[PDB]
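J.: My structure is below; once you've seen it, I'll send some questions.
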Amino acid sequence: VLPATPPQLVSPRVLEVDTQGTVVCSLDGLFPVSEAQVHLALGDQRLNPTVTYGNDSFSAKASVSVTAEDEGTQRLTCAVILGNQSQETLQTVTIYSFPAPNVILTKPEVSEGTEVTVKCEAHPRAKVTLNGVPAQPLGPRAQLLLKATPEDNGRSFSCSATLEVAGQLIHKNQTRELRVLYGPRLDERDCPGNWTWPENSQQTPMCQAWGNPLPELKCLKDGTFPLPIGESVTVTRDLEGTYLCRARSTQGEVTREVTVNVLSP
Amino acid sequence: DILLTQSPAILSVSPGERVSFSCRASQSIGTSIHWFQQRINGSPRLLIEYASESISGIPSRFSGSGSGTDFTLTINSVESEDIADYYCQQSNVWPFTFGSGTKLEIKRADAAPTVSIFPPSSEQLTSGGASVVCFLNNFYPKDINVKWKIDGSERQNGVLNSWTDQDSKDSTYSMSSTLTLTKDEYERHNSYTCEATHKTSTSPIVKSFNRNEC
Amino acid sequence: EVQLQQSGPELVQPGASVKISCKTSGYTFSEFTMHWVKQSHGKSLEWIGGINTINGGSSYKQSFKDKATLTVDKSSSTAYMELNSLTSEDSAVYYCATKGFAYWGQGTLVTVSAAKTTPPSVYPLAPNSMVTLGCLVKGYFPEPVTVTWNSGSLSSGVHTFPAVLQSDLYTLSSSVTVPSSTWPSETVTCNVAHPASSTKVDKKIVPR
Ligand SMILES: *[C@@H]1O[C@H](CO[C@@H]2O[C@@H](C)[C@@H](O)[C@@H](O)[C@@H]2O)[C@@H](O)[C@H](O)[C@H]1NC(C)=O
Ligand SMILES: *[C@@H]1O[C@H](CO)[C@@H](O)[C@H](O)[C@H]1NC(C)=O
Ligand SMILES: *[C@@H]1O[C@H](CO)[C@@H](O)[C@H](O)[C@H]1NC(C)=O
Ligand SMILES: [Zn+2]
Ligand SMILES: [Zn+2]
């Protein structure tokens with residue numbers, strides 16, 4: 001006999017396009033179970049469930065792929081016929097298409113001090129937020145103007161979008177880094193302009209240039225007398241004088257004067 | 001080397017006031033000076049760069065000035081979360097040197113503590129020790145005196161205290177107090193009390209317990 | 001985002017050495033010079049030295065010459081400072097910093113002591129209308145110790161008190177205040193951690 005209890009159907013309330021779902025349908029208290037036919041289907045698509053049997057029951061588990069042709073509210077159904085009687089369970093499932101938000105930069109690599117604008121568009125009904133702006137999502141697209149600076153090189157611009165589907169919030173996000181080229185710099189902290197060393201002492205002159213791309217460095221006095229940056233040298237009277245340090249890269253050129261003063265013993 | 005002397009050491013001030021940190025250099029160093037903020041248990045944080053040039057992501061209330069030997073950091077409107085140590089640093093000639101430091105404290109209205117006494121746990125009594133803890137939370141000003149009393153008599157020795165840092169949000173203090181006796185001494189007295197004399201009340205606030213009555 | 005990740009707490013014998021690493025990320029490692037700063041527990045900063053991140057050339061303050069040795073692994077974008085002949089005076093927090101001290105590491109607490117490591121004994125503490133619970137972490141060495149509640153769930157309303165030294169062993173406590181209606185109806189566990197001894201105790205606060 002087939003009981004008056006309908007089958008239990010377990011399935012997610014929503015399912016994304018081009019993704020695989022999992023549906024399981026079960027019923028206890030029916031016999032003979034071998035004579036029972038289980039028909040599992042999502043809308044028009046007849047599913048193929050691998051059925052586990054007991055002496056008095058069945059458990060039908062089935063995967064279900066969905067495409068753009070399934071988009072919308074489909075009906076997941078699980079019918080069980082046992083001779084003359086029949087029990088079926090219905091459940092709605094919404095197949096939704098929700099692409100990832102498109103964070104779009106005017107130019108991927110920009111020069112320093114340039115007006116860069118970062119946009120993020122998404123699904124019309126969805127609501128987006130660009131690096132937490134606006135706080136609490138409102139409308140499907142957001143902007144952000146910025147004066148490009150060296151600190152913005154490698155700066156990520158994340159966009160979070162939320163889409164309401166069948167009474168629940170689905171979340172997605174996208175992230176894109178900005179590349180910012182910035183001219184050479186000889187900053188004082190990594191290249192001081194004044195040394196004072198005792199004669200015949202071991203010293204290492206220090207000077208690093210900043211820039212994207214990495215600048216090439218060269219410090220010369222009296223024409224072509226190189227200051228050995230990074231090397232540990234014996235300080236002599238020959239090293240005394242004012243050097244002209246020059247940083248070089250595709251973004252420009254900078255100079256800094258570095259004086260070396262030798263104290264006689 | 002270039003010596004940087006900061007003043008004052010401690011800088012107690014109410015929220016909303018205009019505070020100023022001083023940093024004097026031994027030589028004349030142009031504008032090669034930088035200011036750092038250090039909150040407790042935290043790394044130093046660059047606030048102002050080269051005397052007066054502002055850093056991105058730093059509040060507008062932080063500004064700097066000066067040139068040569070004297071330099072100044074100024075907070076337009078001081079807030080409770082500005083409690084920290086502040087250091088100047090010169091970059092004119094190596095080695096880099098820092099100032100002695102200035103500590104920014106925040107003034108506040110008076111608030112009475114929430115006193116709580118605790119017996120030794122069953123775990124500690126097994127080991128042969130007996131520590132009685134007494135927390136006093138969320139009070140101002142910092143000055144507070146806890147007095148331990150075992151069956152009426154005061155206990156001089158075996159007491160260790162520890163104040164928390166001033167709170168970033170409400171600027172209150174908190175204290176724990178631990179009286180540590182031996183198992184044989186604790187199992188030989190009924191009542192235990194930590195009374196706390198504070199500015200907020202004339203008579204002391206008293207929490208107590210008996211080991212017999214759980 | 002720029003990150004300087006240092007090696008973390010060290011306990012070393014007097015005369016021994018220690019090698020603090022500073023694993024960097026989120027920027028071009030060879031663009032900026034890496035500086036190293038020391039902070040004593042009296043809270044006074046001191047520049048140890050700097051190292052060139054292209055050619056490995058280093059410069060030291062006169063005090064830390066022979067004491068400190070800066071090195072670099074460019075492939076892994078990591079800076080190493082080795083300290084040797086360690087005395088008690090070398091006990092402090094050491095920081096790597098870069099880009100003219102714009103980005104710092106979290107700090108590395110180095111402790112120089114002949115005293116051996118001792119794991120903490122964690123004891124629970126239990127008694128308008130709002131309960132206050134406690135947690136006594138007694139008799140451990142060296143610092144530091146990480147105390148949290150319910151795996152850091154109960155963050156707000158927590159007071160962890162500075163540890164204090166008494167006879168070669170530290171003693172620390174923590175406090176938490178939650179609604180009296182939500183205890184002991186709901187669970188409250190003190191999650192203490194002492195990395196040096198590899199200890200991780202979880203003491204539930206039983207009503208007494
Ligand atoms: C289904 O099976 C139930 C349990 O059967 C008993 O235990 C199993 C493990 C076997 O040992 C079997 O030989 C035993 O009979 C029964 O209680 C139940 O009646 C069965 N259902 C129906 C409709 O017959
Ligand atoms: C179906 O089967 C039931 C149960 O055995 C039986 O009573 C009935 O006669 C059948 N009805 C039809 C329409 O076949
Ligand atoms: C984006 O969302 C995912 C959700 O899994 C989260 O793990 C991640 O941290 C988010 N990334 C960014 C850049 O916001
Ligand atoms: Zn000097
Ligand atoms: Zn006695």
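The first residue you see is number 1, and the count goes up from there.
Header says: X-ray crystallography, 2.7 Å.
Note: Cβ is positioned from N, Cα and C throughout, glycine not excepted.
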J.: Regarding the disulphide bond with A:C120, report which of A:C78, A:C159 Swiss-Prot records as its partner.
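T.: Out of the candidates A:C78, A:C159, the one Swiss-Prot links to A:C120 is A:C159.
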J.: Scan A:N55, A:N84, A:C120, A:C191, A:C207, A:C245 for recorded positions whose C-beta lands under 6 Å from an atom of ligand 1 and note them, or write none.
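T.: Result: A:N55.
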J.: Cα within 10 Å of A:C245 (disulfide bond) is the criterion; apply it to the recorded positions A:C25, A:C78, A:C120, A:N173 and give the hits in sequence order.
T.: none
J.: Can you tell me which of the recorded positions A:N84, A:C120, A:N194 is spatially closest to A:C219 (disulfide bond)? Compare CA atoms only.
T.: A:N194
J.: I need the nearest neighbour of A:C25 (disulfide bond) among the recorded positions A:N55, A:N173, A:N194, A:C207, using C-alpha distances.
T.: A:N55
J.: I'd like to verify something. Among the recorded positions A:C25, A:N84, A:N173, A:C245, which ones have a C-beta closer than 6 angstroms to some atom of ligand 3?
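T.: Cβ < 6 Å from ligand 3, in sequence order: A:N173.
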J.: Nearest to A:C78 (disulfide bond) in three-dimensional space, by Cα, is which of the recorded positions A:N55, A:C159, A:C191, A:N194, A:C207?
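T.: Answer for the nearest of the recorded positions: A:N55.
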J.: For the domain 'Ig-like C2-type 5' (A:200-252), give the DSSP counts of helix residues, strand residues and coil residues.
T.: 3 helix, 25 strand, 25 coil
J.: Measure the Cβ-based neighbour count of A:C207 (disulfide bond), defined as the other Cβ atoms within 10 Å of its Cβ.
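T.: Excluding its own Cβ, the number within 10 Å is 23.
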